[PDB]
Amino acid sequence: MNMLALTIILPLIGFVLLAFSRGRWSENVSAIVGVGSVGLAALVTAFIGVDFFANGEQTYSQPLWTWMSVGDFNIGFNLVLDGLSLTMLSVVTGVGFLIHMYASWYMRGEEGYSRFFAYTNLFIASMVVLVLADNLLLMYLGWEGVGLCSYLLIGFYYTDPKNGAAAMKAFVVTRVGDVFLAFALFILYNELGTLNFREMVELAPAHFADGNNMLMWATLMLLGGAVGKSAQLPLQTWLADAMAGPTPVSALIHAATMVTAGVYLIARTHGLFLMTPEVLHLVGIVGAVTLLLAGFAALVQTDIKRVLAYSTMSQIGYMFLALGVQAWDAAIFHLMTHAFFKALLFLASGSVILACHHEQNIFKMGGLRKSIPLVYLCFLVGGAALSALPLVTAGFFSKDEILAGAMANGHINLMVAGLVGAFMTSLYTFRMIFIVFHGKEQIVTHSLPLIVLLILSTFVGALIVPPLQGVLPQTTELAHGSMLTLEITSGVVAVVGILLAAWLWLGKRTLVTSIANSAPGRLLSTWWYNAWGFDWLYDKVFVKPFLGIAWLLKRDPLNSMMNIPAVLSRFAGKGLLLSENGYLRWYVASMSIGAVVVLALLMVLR
Amino acid sequence: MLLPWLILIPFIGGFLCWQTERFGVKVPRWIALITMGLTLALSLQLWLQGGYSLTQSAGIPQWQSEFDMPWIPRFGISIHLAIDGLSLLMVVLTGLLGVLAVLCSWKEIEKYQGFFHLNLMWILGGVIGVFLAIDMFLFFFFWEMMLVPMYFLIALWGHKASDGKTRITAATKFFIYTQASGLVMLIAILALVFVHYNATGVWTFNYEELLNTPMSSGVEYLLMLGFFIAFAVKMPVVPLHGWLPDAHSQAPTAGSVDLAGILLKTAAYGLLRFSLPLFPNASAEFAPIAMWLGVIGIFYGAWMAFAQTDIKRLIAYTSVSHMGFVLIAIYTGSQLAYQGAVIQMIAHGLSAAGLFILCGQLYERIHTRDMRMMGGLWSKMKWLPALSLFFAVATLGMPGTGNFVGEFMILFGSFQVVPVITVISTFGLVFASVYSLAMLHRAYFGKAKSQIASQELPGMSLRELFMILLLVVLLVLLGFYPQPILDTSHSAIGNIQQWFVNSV
Ligand SMILES: CCCCCCCCCCCCCCCCCC(=O)OC[C@H](COP(=O)(O)OCCN)OC(=O)CCCCCCCCCCCCCCCCC
Ligand SMILES: CCCCCCCCCCCCCCCCCC(=O)OC[C@H](COP(=O)(O)OCCN)OC(=O)CCCCCCCCCCCCCCCCC
Ligand SMILES: CCCCCCCCCCCCCCCCCC(=O)OC[C@H](COP(=O)(O)OCCN)OC(=O)CCCCCCCCCCCCCCCCC
Ligand SMILES: CCCCCCCCCCCCCCCCCC(=O)OC[C@H](COP(=O)(O)OCCN)OC(=O)CCCCCCCCCCCCCCCCC
Ligand SMILES: CCCCCCCCCCCCCCCCCC(=O)OC[C@H](COP(=O)(O)OCCN)OC(=O)CCCCCCCCCCCCCCCCC
Ligand SMILES: CCCCCCCCCCCCCCCCCC(=O)OC[C@H](COP(=O)(O)OCCN)OC(=O)CCCCCCCCCCCCCCCCC
Ligand SMILES: CCCCCCCCCCCCCCCCCCCC
């Protein structure tokens, strides 16, 4: 339990060694160092969890040093470990270890092997800092390190400028989110005088007994930072474009590390959102709208990685809906299940891409079940877990807990949104599955993570529970009949979505090509393909005036404004030099003019 | 006691580099290295023997060391030096950057290297004298003395690729700006001295005696306006800023001269030391104007740096934006914001030193500085693009480097004082990330759009890599453990803040 700092020391050592290797080591040694650092972090996490469960679920604290000490401003370098932190750390370390083994198989024969492994190790270390920090400033350190590693891993193939533009957009949107998080940090320190989470939940109701406006603003900017990092409304436009990295990069970003940070923000500071119910309802509304828009965008998407990204978007929207209905344990359980099956789906998608030896749209391939049976099985069970297939998959249990918490708290519009989102989720998931794996054919270091995520995306993942008792508040329990009919309705919605997908895309696409060519079909598909015009709006509202102001100011107008007196001095000197014409008669005339001027001035002023 | 030696050792060292050129051309670099090592060792010895961590605030004046010698007794002028935590921090930073500058021009075997080294050491001695003097005439003397070597270095030893007329034009613009601002500061100094003379009857230029000067409202405004014109030209503060990119563009190729005089925050130190304690009420009334000038400077530097096709001008406008951050910090009146300003100044000096050294090494490799002529340089250079990526990460306010601690403590104190300027400056931090990414992706990432960037380039030397990694280590240690730097300057910041907020 005292080795809580080893979970960051080992990935930091791996990142430093792999950065200073500069590719001089062999690929075997670099892969061994990277995946061994992540595996050592996972083993230390396992020992920490064993000691945590053997100690009766007591919260552990390990201070290391004091970060800043300026008067009352005391920020410390302390790590904390409760059930939520243990769940986050175990998810990050295990899924990162599986992704690192897959990448050690996957990045073979590629340049920047050590660079990739160093960036992923720094990503793991920064996410561990994020999930282990006891104060908001240390968690901001992990937050911004996670954003930096996301930037460095998205634009991994730096030769293509489109990857660089994607990394630019990702880092700028996440930096706007981090600025909102900084806004919340400033407000919380100005109000309560501290940045420790327990100190917030201790002396927040005493300070905010009279006024609640500043706490409302703090929770609003916390929500803004959360949706900045979780790729939700209104800061979601970066994800689909920032697909540009390799497959393990997308798996790590979408499943394990990057987009769960906003959920960890909302769940960690749950008391402050509990005393501001309107902000929590706004979190739920934002999640519902995000999952609905993600489903409608994923329905018409033609790229497998892009529809997987919008599936991740809808899953994080479900998670934010669970947070907005005070279903915290359901949200963290959904984090576990969604991380498992989204990692499985992304690894299977990378296997599909490597089998097709090119990144193509889903309509190009078809009937790939005969070529790759194991990858087809992985994609099938990942789609079943994502579509909440009942009784076989853990995604059904996690989503059932989410809507049980939603309906048990009196939220009915969110219930309807969740049911429609589940129907659309099954629809787009098995639409993509049936397009990419059914039709007419045209064209040990990785099997183990695929098998582990194969097991964990089934009910074996639902057998694992997170130790969130005593950390997050308990959900209000639903009636047995209401829970039974909710499970029945969710399962019925799932199977009718499966049957509609089999009607619409497993056979010859007649009704799809019937509803496609119409002008409502063109406008709806154009709107949903371009993420409902959000990226276009942010290009026309934030990018284009920025470029216009840069082009208008590239000549430094203030420099010319302050250089104007130099031009005036030069012109005045040139004008005054005309009196030095060298004529003696003019000199005598000027002397007499000066005599007249001096005498007139003396007569006037006398 | 050691302060006169702390100032005279660079001057005697520069005279030695000029004189010992007869024994060899490779000699004056070693002499300059020895005397900057001695200056840095004296600064570190003052740090160790000062006991700055255990020192508590007692009010202005409170100096850890003090030296007095009469210079012009007719006007009551003394060579009067004094060191405390803030001045010692700036002296240590000056010594470190001087050692880095001496090492950065180690491969110059020019026929007149001795006068170049004298010129550099006289710049460093003038900067140290600015940081040490607590006499108004002596402070102004060093302030305008450190500009003639600056001018001659830019004009004669400047960028050899550019024409001589552009170098002379940029150097003359820089000298005219800095010396006219210094003259206005001298007029403010003289009017303050004469006001104290009419109020008291004693001729003096001492900072301690001029603190308790009874002035009417309006005269104090004019005096602080002159001080602010000087400290805003050399900060730079918009619109009084074009000399900085013009001089950075025409700076010497190695980039040492950038680190020697242009990169050290004498103006913000003067704002903390002279503008706020001498004129507290007038600075309190001028705080909104200075804070909005800092906001406008942050965004003007950001929009300037994004639109720059030159790397050196990009780093210059980065300096403009970060100095706008410091200017916002100084006029808050908060201890936390002042400590953040000190940390930000030190970290920004380190980061800009690393950026300028890497840009100079890149220009040695490729002989160009236009962003339309580089791209995809990551695959051709062994060490340079990753280190430049680290330093550009440092200048965007990334946690793990001291710049983040700087701007975040600045914004914490500012939000404790003024929230709207804080939120707009955080959007300025977003703009900082924007231009850092733009520079990184235009310089080292993509496909090469020139022939000179299509060939393999030689790796960096051992000394350049060693000093850049030393800067990396110092920036990382400042980001993770800024506590010794905070306890070093806790007493001086406390004295200045208490004098500012107890006299309004
Ligand atoms: C954020 C990631 C997780 C954190 C670890 C890595 C952080 C960055 C590593 C580089 C910078 C380290 C700066 C601190 C080094 C230790 C010195 C220190 O802080 O001593 C203070 C404390 C003893 O003094 P105390 O009084 O208790 O402190 C409170 C304030 N008075 O000291 C103690 O109580 C002992 C503390 C021991 C800590 C050992 C950490 C080793 C880390 C090795 C990292 C290797 C890679 C470095 C580069 C990584 C990439 C940037
Ligand atoms: C702390 C936990 C997480 C919390 C959040 C932290 C966020 C901020 C982190 C700041 C640190 C820098 C992060 C980004 C650095 C990226 C450097 C990089 O890309 O290195 C890879 C590169 C080798 O890759 P490759 O491309 O194959 O080689 C070049 C081509 N021949 O490598 C090289 O070329 C050589 C190495 C370049 C520099 C590597 C990083 C240096 C800075 C960290 C270590 C500093 C030294 C350790 C001691 C610190 C003080 C105790
Ligand atoms: C809707 C509610 C919530 C709103 C929150 C606040 C706004 C969030 C905005 C999110 C969207 C940001 C999109 C940024 C895209 C960046 C990537 C991009 O477009 O890159 C293109 C270009 C590349 O740069 P270059 O180096 O020239 O390229 C080499 C050749 N390819 O690079 C560029 O052209 C540079 C683009 C820079 C963009 C800067 C954005 C600054 C945002 C400031 C927000 C201010 C909010 C308040 C405004 C006032 C309100 C009263
Ligand atoms: C906050 C504002 C109020 C307080 C202000 C305090 C004063 C200090 C700050 C402002 C300084 C402004 C200086 C502007 C000129 C800078 C010098 C310069 O640009 O010199 C180069 C230029 C020659 O270069 P080039 O363009 O090649 O000329 C072609 C001719 N062969 O040279 C020339 O063209 C001729 C240069 C002549 C000498 C310089 C100009 C002196 C003008 C008076 C300066 C005093 C301040 C007056 C008010 C300034 C505006 C407010
Ligand atoms: C060749 C052509 C080109 C070159 C030459 C260009 C022009 C050069 C000359 C420019 C300067 C002009 C004169 C500026 C000083 C004016 C002084 C003044 O008006 O004083 C009146 C008053 C005096 O105070 P009083 O009320 O008498 O006090 C006793 C009881 N209270 O004062 C007061 O009460 C206080 C007044 C404060 C505001 C006036 C000063 C404005 C200064 C502007 C520049 C700085 C602006 C701020 C910073 C900008 C960014 C750096
Ligand atoms: C281009 C650059 C150069 C610009 C031009 C040169 C500077 C111009 C300064 C203009 C000052 C205007 C003053 C107007 C009022 C004068 C009458 C007055 O009120 O005198 C009061 C006082 C004498 O009476 P006394 O009994 O001593 O009262 C003590 C009051 N404290 O008076 C005194 O004790 C002396 C008062 C001195 C006031 C300060 C003068 C210098 C201030 C710094 C420079 C100007 C401001 C900054 C730059 C502005 C832009 C250029
Ligand atoms: C002015 C120049 C500043 C350079 C950067 C310095 C940053 C601070 C580094 C301090 C040392 C940190 C690591 C050692 C800590 C030892 C602590 C001993 C007492 C507990």
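Out of the stretch A:384-400, which residues are hydroxyl-bearing (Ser, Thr, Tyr) and not in a loop (DSSP other than H, G, I, E, B)?
A:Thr393, A:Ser398
One line per residue, one yes/no per condition, for (1) of a type in the set (A, V, I, L, M); (2) away from chain A (no Cβ under 14 Å); (3) out of contact with any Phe, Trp or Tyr (no Cβ under 9 Å at 6 or more places or on another chain):
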residue: B:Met215; (1), (2), (3): yes, yes, no
residue: B:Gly218; (1), (2), (3): no, yes, yes
residue: B:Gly226; (1), (2), (3): no, yes, yes
residue: B:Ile229; (1), (2), (3): yes, no, yes
residue: B:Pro252; (1), (2), (3): no, yes, no
residue: B:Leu263; (1), (2), (3): yes, yes, no
residue: B:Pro277; (1), (2), (3): no, yes, no
residue: B:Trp292; (1), (2), (3): no, yes, yes
residue: B:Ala307; (1), (2), (3): yes, no, no
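Would you call A:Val50 more than 14 Å from chain B (Cβ to nearest Cβ), away from ligand 4 (no atom under 16 Å from the Cβ) and surrounded by 18 or more Cβ atoms within 10 Å (Cβ to Cβ)?
No; evaluated as a whole, the condition is false for this residue.
Any residue in the stretch B:439-464 that's among the aromatic types (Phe, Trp, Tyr): show its pairings with residues that are assigned to a loop (DSSP other than H, G, I, E, B) at Cβ separation under 6 Å, as long as the two are six or more apart or on different chains.
That search, which allows pairs on different chains as well, returns B:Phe445/A:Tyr158.
Quickly run through the stretch A:147-168 and pick out the residues that are closer than 23 Å to A:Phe542 by Cβ, buried (at least 24 other Cβ atoms within 10 Å of the Cβ) and more than 10 Å from every other protein chain (Cβ to nearest Cβ).
A:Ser150, A:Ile154 - these are the residues of the stretch A:147-168 that are closer than 23 Å to A:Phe542 by Cβ, buried (at least 24 other Cβ atoms within 10 Å of the Cβ) and more than 10 Å from every other protein chain (Cβ to nearest Cβ).
Would you confirm whether any residue within the stretch B:127-145 is surrounded by 19 or more Cβ atoms within 10 Å (Cβ to Cβ), within 16 Å of ligand 5 (Cβ to nearest atom) and not in a loop (DSSP other than H, G, I, E, B)?
No, the conditions are met nowhere in the stretch B:127-145.
Where residues in the stretch A:169-193 are more than 7 Å from chain B (Cβ to nearest Cβ) and under 13 Å from the mean Cα position of the chain (by Cα), which of them is nearest to B:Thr422 (Cα to Cα)?
Residue satisfying both the conditions and the ranking: A:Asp178.
Among the residues of the stretch A:61-92, how many are farther than 15 Å from A:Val129 by Cα and away from chain B (no Cβ under 14 Å)?
Adding up the residues that qualify gives 1.
A:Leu558 fails exactly one of the following numbered conditions: (1) in contact with a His (Cβ under 8 Å, 6 or more places away or on another chain); (2) more than 14 Å from chain B (Cβ to nearest Cβ). What is the number of that condition?
(2)
Does the stretch A:23-42 contain at least one residue that is more than 16 Å from ligand 3 (Cβ to nearest atom), acidic (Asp, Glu), in the same structural domain as A:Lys342 (by CATH) and touching a helix residue (DSSP H, G or I) at 6+ places or on another chain (Cβ under 6 Å)?
yes
If you take the residues of the stretch A:561-606 that are of a type in the set (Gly, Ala, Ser) and within 14 Å of another protein chain (Cβ to nearest Cβ), which of them is farthest from the chain's Cα centre (by Cα)?
At the first step, the residues of the stretch A:561-606 found to be of a type in the set (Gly, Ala, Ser) are A:566, A:569, A:572-573, A:575, A:579, A:582, A:589-590, A:592, A:594-595, A:600.
Still in the running and within 14 Å of another protein chain (Cβ to nearest Cβ): A:566, A:569.
Numbers: A:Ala566: 52, A:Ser569: 57 Å.
Of everything passing the filter in the stretch A:561-606, A:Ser569 is farthest from the chain's Cα centre (by Cα).
Let me spell it out: the conditions are (1) on the phi > 0 side of the Ramachandran plot; (2) more than 12 Å from chain A (Cβ to nearest Cβ), and B:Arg463 meets all of them except one. Which number is the exception?
All conditions are met except number (1).
Restricting the first residue to the stretch B:417-434 and requiring it to be within 10 Å of another protein chain (Cβ to nearest Cβ), which pairs with a second residue that is among the acidic types (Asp, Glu) meet a Cβ separation below 7 Å and a spacing of at least six or different chains?
As it stands, the answer is B:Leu429/B:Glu407, since those pairs meet every condition given.
Consider the stretch B:284-304. How many of its residues are within 20 Å of the chain's Cα centre (by Cα) and under 11 Å from B:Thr332 (Cα atoms)?
Number satisfying all stated conditions: 2.
Would you check which residues across the stretch A:132-146 are more than 9 Å from chain B (Cβ to nearest Cβ) and more than 15 Å from A:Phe77 (Cβ to Cβ) and list them?
A:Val146
Do we have B:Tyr444 as within 11 Å of chain A (Cβ to nearest Cβ), out of contact with any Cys (no Cβ under 7 Å at 6 or more places or on another chain) and buried (at least 20 other Cβ atoms within 10 Å of the Cβ) here?
For B:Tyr444, the condition - within 11 Å of chain A (Cβ to nearest Cβ), out of contact with any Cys (no Cβ under 7 Å at 6 or more places or on another chain) and buried (at least 20 other Cβ atoms within 10 Å of the Cβ) - is met.
Would you please name the residue that is nearest to ligand 4 (Cβ to nearest atom), looking only at residues in the stretch B:231-246 that are in a helix (DSSP H, G or I) and within 14 Å of another protein chain (Cβ to nearest Cβ)?
Ranking the candidates gives B:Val233 first.
Suppose we keep only residues that are touching a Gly at 6+ places or on another chain (Cβ under 8 Å) and buried (at least 23 other Cβ atoms within 10 Å of the Cβ) within the stretch B:10-34. Which one would you say is nearest to B:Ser65 (Cα to Cα)?
By that ranking, first place goes to B:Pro10.
Matching residues to (1) more than 21 Å from the chain's Cα centre (by Cα); (2) buried (at least 22 other Cβ atoms within 10 Å of the Cβ); (3) away from ligand 1 (no atom under 16 Å from the Cβ); (4) of a type in the set (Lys, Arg):
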| residue | (1), (2), (3), (4) |
| --- | --- |
| B:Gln179 | no, no, yes, no |
| B:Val202 | yes, no, yes, no |
| B:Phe205 | yes, yes, yes, no |
| B:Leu211 | yes, no, yes, no |
| B:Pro214 | yes, no, yes, no |
| B:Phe227 | no, yes, yes, no |
| B:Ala230 | no, yes, yes, no |
| B:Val233 | no, yes, yes, no |
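Let's see how each residue does on (1) more than 16 Å from ligand 2 (Cβ to nearest atom); (2) surrounded by 14 or more Cβ atoms within 10 Å (Cβ to Cβ); (3) within 14 Å of chain B (Cβ to nearest Cβ):
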| site | (1), (2), (3) |
| --- | --- |
| A:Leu6 | no, yes, no |
| A:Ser21 | no, yes, yes |
| A:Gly34 | no, yes, no |
| A:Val38 | no, yes, no |
| A:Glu57 | yes, yes, no |
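Given the criteria within 14 Å of the chain's Cα centre (by Cα), closer than 18 Å to B:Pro236 by Cα and more than 16 Å from ligand 4 (Cβ to nearest atom), does B:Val320 qualify?
No: the conditions fail for B:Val320.
Return only the number of the condition from (1) surrounded by 24 or more Cβ atoms within 10 Å (Cβ to Cβ); (2) away from chain A (no Cβ under 11 Å) that B:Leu336 does not satisfy.
(2)
The values are calculated or read from the model by the stated rules, or taken from the named source; none is laboratory data. Virtual Cβ from ideal backbone geometry, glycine too; neighbours counted across all protein chains shown.
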